[PDB]
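For reference, the structure discussed in these notes is given below.
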Amino acid sequence: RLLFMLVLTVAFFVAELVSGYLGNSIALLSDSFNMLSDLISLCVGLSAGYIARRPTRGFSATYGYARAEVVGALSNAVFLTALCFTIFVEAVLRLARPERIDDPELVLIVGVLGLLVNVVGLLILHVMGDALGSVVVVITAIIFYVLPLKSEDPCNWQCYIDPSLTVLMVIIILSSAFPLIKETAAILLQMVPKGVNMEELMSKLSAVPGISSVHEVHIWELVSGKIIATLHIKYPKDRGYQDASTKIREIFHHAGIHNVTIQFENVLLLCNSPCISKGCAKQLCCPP
Amino acid sequence: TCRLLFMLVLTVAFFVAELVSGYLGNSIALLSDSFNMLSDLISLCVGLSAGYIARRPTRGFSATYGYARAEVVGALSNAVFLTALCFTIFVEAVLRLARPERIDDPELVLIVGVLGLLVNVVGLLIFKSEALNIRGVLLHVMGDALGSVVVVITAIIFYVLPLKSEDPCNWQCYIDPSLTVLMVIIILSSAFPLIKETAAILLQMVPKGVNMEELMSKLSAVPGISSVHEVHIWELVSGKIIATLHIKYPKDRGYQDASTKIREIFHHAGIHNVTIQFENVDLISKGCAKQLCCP
Ligand SMILES: [Mn+2]
């Protein structure tokens, strides 16, 4: 399924890239860049599926390459942002010095076929983000198709209709992609996942019976679905820690965190094992 | 920080040279390729924002490790931005190789190219997640410096020879796109290590400095330990490596003797962040076994 979509997207990205420069239409170039980003996303999803089956641990990636989806998503979003910045500059350059579409027919045909390939995805807002760019290409083509302009006549309204719609499409694509950048960065910055409410989680954690303190509660998301929590507990050492460990595990299970590595430091409110020597303080995370 | 700020101010001042107040009209086409430094402006803004975010304290119930990795994420973002711009420049140059393009007037292009080269070399001569971020910003400015070098070179070549409009394009026309392609190759080659390293800091992998080949051997060798389950080693920022080892032990003898030995081994390997969970040996569910990190 996805391989056929990938080959179609690659072929038509190349086709639109060749047509836009040859046809002198920024909207076509914008759609070509958008389909290049779409094929990059498809390749990222294929790689994610491949790595998901037969997980590959080892001495290089102890967690496996599960973060590949997130890293590829961030990289693709930044790539699309840079391509959108380039397209915005070119529109602005061609907004002050208007340029004519040399091949309205070819631009129209490539836009129609790109719109068909863009709707095949739903025939099996980013999805709107690509479909609408294709329809902008078409729109410009008809404006240059019906009521055309002779090859030896200056710029008219028909000329500034392509750069304006291209700027609007760039705005739409950037608005759809910036939240993706924010979410991927939050995942990659080891920020607490959106679903997890660490405030009440820490309250419940401090309410467990026989727990005197709680520190170094590191919660971060590996991938969409796997949340990893590293936590340090202090136990009285004449009572024990088994019941407390079970209760803490149940709490983290209720919150959706199944990866817990509770270190039950002995009992006075600081970490009992910062490092081997006092000189490790600058390197320890969250210095005391 | 201060040097990055001064670079940003200089780039702003030179770029704003197009938005004259005057009257109807904007700067008579001296901005046709002035956005080559608006890209540097954007990269500088990204670097400064990453630096500002990184300074935030490693506390609060939204980032338990703190925004220390903001510099690494900004470096990766800047590297990918530079790669995308280089791809676009390469595509434009390739389209120019098939269709030769002349230069309108070597004088103005040479003058603006010399000014841009001077700005970029002021930025270059300023002379460790911050090392990654600066490496990205310096990569971007070096990229535009190479672009300014190629525009200077094509301008001089078009200056010595007249290239009257009667004659079509000659080797002079192809001098610029070919040098642009070579410059793009150089920038991409320089940028690829940056991405390949920042994607190791992100996309959690064993740190390059860490030599796990002997780490696992020593962890097996230390007496008192009966097995090891999840040696999760990853790098938050350069110099801060975190470990999440799981360990078993005979129930009768506590983990006290072996915990200090494990911590000392990890410290000798340059790992000071270790969270050892000691799961005893008898000698919440099973549906959740699909949501773990190790099956
Ligand atoms: Mn499209």
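Counting begins at 1 with the first residue displayed.
Per deposition record, electron microscopy, 3.3 Å.
Note: Cβ is positioned from N, Cα and C throughout, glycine not excepted.
Lifted from Swiss-Prot, the feature list:
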| type | residues | note |
| --- | --- | --- |
| TRANSMEM | B:4-24 | transmembrane segment |
| TOPO_DOM | B:25-33 | topological domain 'Extracellular' |
| TRANSMEM | B:34-54 | transmembrane segment |
| SITE | B:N36 | site 'Important for coupling of manganese to calcium transport' |
| TOPO_DOM | B:55-74 | topological domain 'Cytoplasmic' |
| TRANSMEM | B:75-95 | transmembrane segment |
| TOPO_DOM | B:96-106 | topological domain 'Extracellular' |
| TRANSMEM | B:107-127 | transmembrane segment |
| TRANSMEM | B:141-161 | transmembrane segment |
| TOPO_DOM | B:162-174 | topological domain 'Extracellular' |
| TRANSMEM | B:175-195 | transmembrane segment |
Beyond the flanks of the transmembrane segment (B:4-24) by at least 6 residues, Cβ under 8 Å: 30-31, 34, 37-38, 40-41, 44-45, 47-48, 51, 115-116, 119, 122-123, 126, 134, 137, 141
The topological domain 'Extracellular' (B:25-33): DSSP-derived helix, strand, coil residue counts: 3 helix, 0 strand, 6 coil
Intrachain neighbours beyond the topological domain 'Cytoplasmic' (B:55-74), with Cβ under 8 angstroms and 6 or more residues off its ends: 46-47, 49, 129-130, 132-133, 136, 198, 201-202, 236-237, 240
Region pair the transmembrane segment (B:107-127) / the transmembrane segment (B:34-54), three or more CB pairs under 8 Å: yes
Other parts of the chain folded back onto the transmembrane segment (B:75-95), taken as Cβ under 8 Å at six or more residues beyond its ends: 39, 42-43, 46-47, 50, 129, 132-133, 135-137, 139-140, 143, 147, 177, 180-181, 184, 187-188, 191, 194-195, 198-199, 202
Where B:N36 (site 'Important for coupling of manganese to calcium transport') sits in the secondary structure, as DSSP reduces it to three classes: helix
Number of helical, extended and coil residues in the topological domain 'Extracellular' (B:96-106), per DSSP: 4 helix, 0 strand, 7 coil
Intrachain C-beta neighbours of B:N36 (site 'Important for coupling of manganese to calcium transport'), sequence separation six or more, cut-off 8 angstroms: B:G116, B:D144, B:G147
